[PDB]
Number of protein chains: 4
Amino acid sequence: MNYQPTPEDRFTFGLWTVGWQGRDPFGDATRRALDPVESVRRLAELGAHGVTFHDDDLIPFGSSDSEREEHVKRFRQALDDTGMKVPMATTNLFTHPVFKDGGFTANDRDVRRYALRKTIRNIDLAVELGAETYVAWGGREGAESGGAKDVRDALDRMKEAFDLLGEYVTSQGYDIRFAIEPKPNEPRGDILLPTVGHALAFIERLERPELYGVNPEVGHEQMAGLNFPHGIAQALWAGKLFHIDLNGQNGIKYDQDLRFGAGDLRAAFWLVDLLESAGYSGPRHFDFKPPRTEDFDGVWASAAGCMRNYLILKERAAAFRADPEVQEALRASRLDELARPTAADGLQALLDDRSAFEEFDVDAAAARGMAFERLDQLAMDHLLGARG
Amino acid sequence: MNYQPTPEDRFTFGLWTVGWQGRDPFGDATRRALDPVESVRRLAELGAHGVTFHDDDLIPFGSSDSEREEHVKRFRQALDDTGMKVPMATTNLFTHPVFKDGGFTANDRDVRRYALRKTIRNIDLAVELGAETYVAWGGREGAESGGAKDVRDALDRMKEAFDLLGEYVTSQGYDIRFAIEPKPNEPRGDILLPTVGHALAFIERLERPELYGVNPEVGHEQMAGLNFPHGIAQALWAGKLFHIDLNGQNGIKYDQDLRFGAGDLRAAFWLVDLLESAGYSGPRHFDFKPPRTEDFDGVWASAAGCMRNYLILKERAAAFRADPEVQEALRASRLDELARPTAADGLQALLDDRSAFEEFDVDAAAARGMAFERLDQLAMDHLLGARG
Amino acid sequence: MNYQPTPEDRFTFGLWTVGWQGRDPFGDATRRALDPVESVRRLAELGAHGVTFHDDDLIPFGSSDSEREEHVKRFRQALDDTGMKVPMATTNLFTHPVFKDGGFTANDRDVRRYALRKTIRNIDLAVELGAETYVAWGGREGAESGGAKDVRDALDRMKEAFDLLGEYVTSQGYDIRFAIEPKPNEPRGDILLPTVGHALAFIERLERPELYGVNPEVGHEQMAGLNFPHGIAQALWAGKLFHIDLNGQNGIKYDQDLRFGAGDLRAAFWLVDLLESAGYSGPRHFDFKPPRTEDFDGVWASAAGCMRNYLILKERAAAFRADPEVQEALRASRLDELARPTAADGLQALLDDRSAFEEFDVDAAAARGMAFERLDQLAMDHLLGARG
Amino acid sequence: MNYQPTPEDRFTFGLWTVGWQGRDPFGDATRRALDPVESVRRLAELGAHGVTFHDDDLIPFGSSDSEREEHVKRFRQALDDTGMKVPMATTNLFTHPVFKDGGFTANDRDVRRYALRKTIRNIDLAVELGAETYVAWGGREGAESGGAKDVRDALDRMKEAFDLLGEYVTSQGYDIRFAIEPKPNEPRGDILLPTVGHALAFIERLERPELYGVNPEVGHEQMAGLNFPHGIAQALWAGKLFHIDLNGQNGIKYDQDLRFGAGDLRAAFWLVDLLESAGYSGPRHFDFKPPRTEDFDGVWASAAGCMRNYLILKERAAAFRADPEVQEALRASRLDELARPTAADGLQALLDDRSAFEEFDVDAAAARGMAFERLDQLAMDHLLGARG
Ligand SMILES: [Co+2]
Ligand SMILES: [Co+2]
Ligand SMILES: [Co+2]
Ligand SMILES: [Co+2]
Ligand SMILES: [Co+2]
Ligand SMILES: [Co+2]
Ligand SMILES: [Co+2]
Ligand SMILES: [Co+2]
């Protein structure tokens, strides 16, 4: 009863994930840098479907046009020699000191312009490598103080930037969509569009909202103490789940970026279930960070554990939904009733319905048990593979 | 140098605020119930502008049509005898056991219908008393487990309900708007539309989004560790700030509902500033709870403290923005640059601009100090009224 | 492969657990009160070992000496008719309004005295029923403001109270020990001795520290974002784990008090393991609250789920420690090295050891991988009962 | 009405504070390294009393015995040329990869020994420079997983290390005391002795507890959502407040280390008050991090702001305690009653007191208002310097 991941599973990893050197705010790198080529081969041997990357992950900052091509060529040969795909690409607008006050919302106008040019350059490369989704994580978009950033003005600059990026893509006739990755805080005191909710609402104000979705991260939403599965549900409801970042997070605190399955285990189970039941076809991205206490051997074991955890949860969730005893329980809880419209008969009908108010026995309605505990235990028994 | 609140200040209070009996999950009521009439007179004497209420706050649950009128009549005379106004009204869809699984998103269809009828009934009364805004806090909309509620289905029921309420109002030709009050958790494990961001995004999916705004609460947003001022800014940017609930909250934990000014003091200062600079004209509502450790004398002192704190912060914020030294600091931080468009020259222009990339000196740009600390200290000195 | 709990398991429940009426800060009771006798029989039929209670749970407040005996007599017959035991008893110093400012640390001296008398009265009854541990949860000990309570003075009153209780017990020659249950916040803004750490340190200042331990709660420690298993470990290390309260908690927020197993599942697994490996013999108490959305049928299902979850985790933890592959992994991580003293050779020896500094190859030491990820995946595979 | 700090104020700063290069987990250094000598002169000109440092802050890692002396000599001349003192010193057991699994609790025995030797070496230097307190922050002491560290075994190693350090100091006849700085998490998933409470309790298990205190940090305690002033109070009560680290923290999240006064402003006011009323004589250390968005000019402005904020709060707290109206309010709240013993008359007396139970009118006692809101508003008016 083993769970071997295959390319068909659509499991992808970021060059920065297994490529993390282990540099933390209070420690130095515990591992040597990994050549992108090596990562592409190791991941392929593990059963990955593809890899994503930041412009600065593939081509070192300040690289000449000659070096640039050379870096891309090598990467291209690796993908060809393995069959790996590049479904998503993003831009690094947070590392370089120049982005200390942000990229698209930096107070310095000259910096904002540079941010757009650096991004557009990568979008072109992303389309060349075959990326279908372009993610944008504004890690420096925010502030540590109250009078340091006018959110109203910042939002204007944020929209302007995204609007321009949409005009460029549509002008080049590129078949690529944008995905905004929200984050509550870190490395900034407060980051703009901190949750999936703030990102979804901001997208509705863009000139072409149909060109923007959302790339929510398990750990990010949890950083604010929110229910990731619930967040994902809303995104799917609004048809904006263009991509997703899987990982682990131990409650509220710094961005752990643990391997998928870690941290909130039950949350992971409910997430996989929703993704499988909703029919999510997007790639199963893994934005994690192998612990700095591990070596190269540990890094590969960590990544493999991510795909394995997903497969295991996927199996338990399927068995949980296919279990008649569970199907019967769902009905006992009225899960089927929640699906039926409230007033399909219309407003006037509902207004003239005495059974809805005038002659509604609230006493008897309130006495009805929801039987939610029995259903949850059935879900727990399935997760722990202990069905008795 | 005193701060006497006047009706012109637009300070409003909820009947449940100063009317709180002090019943907590681990204790009984420490204060006797207050007759709505008494609250309307005491608040008027304090300088309040008006009071808001839940259908169940003014007319006891199960009240006969005869009792109903009687309760309203008395309340109406009090408002006339004092000049107090009723700018906002809401429905209690959380107290009664019948709403143990929610109101608009309850799994039981019969309950959902009853919830809509109970609401519509109050909307009518709200329009009669002169309410301009109708708030909806779905305190029971959520779940304690994963398989107990299908967020996708729940969102459908939530939209259906709001859509119907919009049809009723437009059908009656009522000049009233809706305001959704988000809350992360409590009393439910997880409440739907937990943040201002989730509420704003959900509103964009309604048939008539122009009829729905947002009533964010200081404590609620803080319950998720978010930046309230930032949240309010986004709302104003999207022109959805129809109402606001002021109060205090000590970090992340249960809903304290402390008097305005308490908890995050700096957050309160930045909030008042934004509200005053943005030109917010809506009422300054106070959704607080006088500590159960206080008597009737303490309740009045608590409410008065709310209006006083706002007035004090309002003064400090005004002095902070009018201070030349501060105006000069804002320029040093490039606050004025953040206001200028990024690429007003257009996309093609930005693409052909070598000064934005090809010949952009990032080294010199990165070396520029933001001078945010000096600005923040200037803001701190103003708040503490210690300008030296 | 079922897990039937037996009295030998030592599973106990509080009268307030399954007896919770469902009264929340925003809702009324959804269930009718349960007669203590009924709870004692239902729990016995489920396989419980015994039940605990607050003085106010068994004998209604203000009960006459005649009523008191009557309530005790009935309870006594139930225990005899079932074989259930009463391993722990506690006092209710939080419900009654009189305790609005606290019990042992109330500002009013007359209240503090009353609190001690009310407690002593119950200690006597606890010893009569056969209780071995007396828990003290200071739910009202704290404050909502800074100048409302002098922690230094409060700590004095707290010690005085506990010191007096120790003198009473030793004077009566009672064979009962005290257990302090810490809680970060709620219902008070901040509660004294908020964590297991603060309680353990405060106990070291008591006249007879050997008479005081600690009754940590899963949800409480989690309310501050701490690692419960780690907290329990420290308690065991200091030999102060006299009792423990099991339950569930979904991250940081109000006190959920969910059934054991819920909330942090992985945390529960590590907790059970430590309790089983350390040899904890104390009773497995369950301080939970059946969701108000459930009826009497749901309450029993919830309680049963608590015992079942423990048994399942107990099995997985045992298999995880007995697995050779795991034993080998522990060695690879140097878990065995952490057990060997650092400088058993002494200080002088360590000072003269050139291999510890002068000739210590830190480069090679740092390159050694901890192999913690492989061990964690092995722990995960065991928990999910998916060993492949 | 300005607040010029003087050496008499006892304001100290860590070399790593104003020396922070700005390297974050998602960004590079935005500022060039500062020569310790320059920091000692700039701080002196600002009015600082002295500076603290880690062994690796003054002497670069791997420095030869010849380089070591050279670094110390220069530093010594700076202190002489300015009059600055070195009240505290600490060891860097977190940066070097060798300490990836911890220092004193590392699984590798050879690493633990090296950690002790590296520490002892610095203790000697600390005593030479005139340090009175030696702080120990176990930033790497913890784990990211459950089976990666046996807290029981780890605690043994932690005690062994501290015990040995106490034997070395007493053997050398050094007049220096140890101070343990707790931290909930970061950079490790969970750090041992996460709160002031866990550190105080662990110290009571040391061979010579009289040689160990506690160095609590404002931001650290807040990282767990605890009340810093309350934490400090308990420490003072146990006479273990040997040192303290001042700074700012915006609720629950990563370690911001903002300048003193920032983050929780009210918490800062109550802290200063307690420190001034308790008579704390220890140095007012500032463990902060100047925002990476600032230049050298901003760094100095940030540090100056720390001393200024303390002085301002110190003034407001003094005026708040000296205000008769406040003194009268404290009495109205019974703050004076909380100071009087509960049962000075003894146990037997309290047991025979019918006025404490038999004839205690709880009804009238419960009706008494605490008047805490009035007192808090008086405290608020004083803080905002708005006494009307
Ligand atoms: Co992350
Ligand atoms: Co991500
Ligand atoms: Co609230
Ligand atoms: Co509200
Ligand atoms: Co609890
Ligand atoms: Co408990
Ligand atoms: Co810190
Ligand atoms: Co520190």
Across the identical copies, how the A:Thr6 labels are spaced - nm, sorted shortest first, 7 Å along Cα→Cβ:
4.7, 7.9, 8.1
P(r) of the stretch B:149-279 over all Cα-Cα pairs, binned every 10 Å from zero, in whole percent
12, 40, 33, 14, 1
Going 7 Å from Cα along the Cα-Cβ axis for the label, what nanometre distances separate A:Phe61 from the same residue across the other copies?
2.2, 6.0, 6.3
Let me check against my output: what whole-number percent is the relative contact order of the stretch D:17-91, with C-alpha pairs under 8 Å and at least 6 apart?
35
Can you give me the angle between helix D:296-322 and the longest principal axis of chain D, using Cα atoms only, in degrees from 0 to 90, rounded to the nearest 10?
20
Order of A:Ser333, B:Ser171, A:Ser277 under a 10 Å beta carbon neighbour criterion, fewest first:
B:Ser171, A:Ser277, A:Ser333
Projected area averaged over orientations for chain A, convex hull of C-alpha atoms, nm²:
24.1
Two-decimal Rg to Rh for the stretch A:63-127 - Kirkwood Rh, Cα set
1.07
Using alpha carbon centers only, the stretch A:130-195 is separated from the stretch A:207-240 by a whole-angstrom value of 14
Pseudo-label separations to other copies for C:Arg354 - Cα-to-Cβ vector, 7 Å, nm:
6.4, 8.6, 10.3
When we measure straight from the Cα of C:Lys240, which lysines land under 25 angstrom away, once same-chain ones fewer than 8 places off are left out?
C:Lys85, C:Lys159, C:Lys183, C:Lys314, D:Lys149, D:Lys159, D:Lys183, D:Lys240
What FRET efficiency would be calculated for the residue pair C:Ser171, C:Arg76, taking the C-beta separation as r and a Förster radius of 25 Å, to the nearest 0.05?
0.45
Based only on Cα atoms, what mean projected area does the convex hull of the stretch A:292-371 have, in nm²?
10.3
Can you pull the one-decimal nm distance between simple spin-label points at D:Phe296 and A:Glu128, each 7 Å off the Cα toward Cβ?
4.1
Inter-part distance where the stretch B:329-388 and the stretch D:276-299 are each reduced to a Cα centre, Å:
26
Using only the alpha-carbon atoms, how far is helix A:109-129 inclined from the longest principal axis of chain A? Give it as 0 to 90 degrees, nearest 10.
80
What would the Debye formula give as log10 I(q)/I(0) at q = 0.13, 0.14, 0.26 Å⁻¹ for the alpha-carbon point model of the stretch A:78-171, no solvent?
-0.49, -0.56, -1.38
Among rounded, prolate and oblate, which fits the stretch D:13-136 when a ≥ b ≥ c are the square roots of the eigenvalues of its C-alpha gyration tensor, a/c under 1.5 means rounded, and a/b larger than b/c means prolate?
oblate
Would you mind computing, in nm to one decimal, how far apart the modelled labels at A:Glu210 and C:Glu67 are, each placed 7 Å from Cα along Cα→Cβ?
7.2
Loop trypsin sites (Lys or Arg not before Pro), the stretch B:131-206 (other Cβ atoms within 10 Å of the site Cβ: 16 or fewer; DSSP)
none
Qualifying GluC sites (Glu not before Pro) in the stretch C:310-388, DSSP loop, other Cβ atoms within 10 Å at most 12:
C:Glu358, C:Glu359
Separation between the D:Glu8 and A:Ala322 pseudo-spin-labels, each 7 Å from Cα along Cα→Cβ, expressed in nm?
8.2
Within the stretch C:155-185: backbone nitrogen closer than 12 Å to the D:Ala349 label point (7 Å, Cα to C-beta)
none
Ordered by number, the trypsin sites (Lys or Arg not before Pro) in the stretch A:293-388 that occupy a DSSP loop and have at most 16 other Cβ atoms within 10 Å are A:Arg387
If neighbour count is taken as other Cβ atoms inside 10 Å, put B:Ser145, D:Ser64 in order from fewest to most.
D:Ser64, B:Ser145
Mean shadow area of the stretch C:1-84, taken as a quarter of the surface of its Cα convex hull (nm²):
7.2
Report, in debye and to the nearest 20, how large the dipole of the protein assembly as shown comes out about its Cα centre when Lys and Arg carry +1 and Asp and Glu carry -1 on their Cβ.
0
How much of the DSSP bridge set in chain C is antiparallel, in percent, rounded to the nearest 5?
15
Rounded to whole Å and ordered largest first, report the semi-axes of the equivalent ellipsoid of the protein assembly as shown derived from its Cα gyration tensor (root of 5λ).
45, 41, 36
Restricting to Cα pairs under 8 Å and 6 or more apart, the percent relative contact order of chain B works out to 14
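Virtual Cβ from ideal backbone geometry, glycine too; neighbours counted across all protein chains shown. Coordinate-derived values only; no laboratory data.
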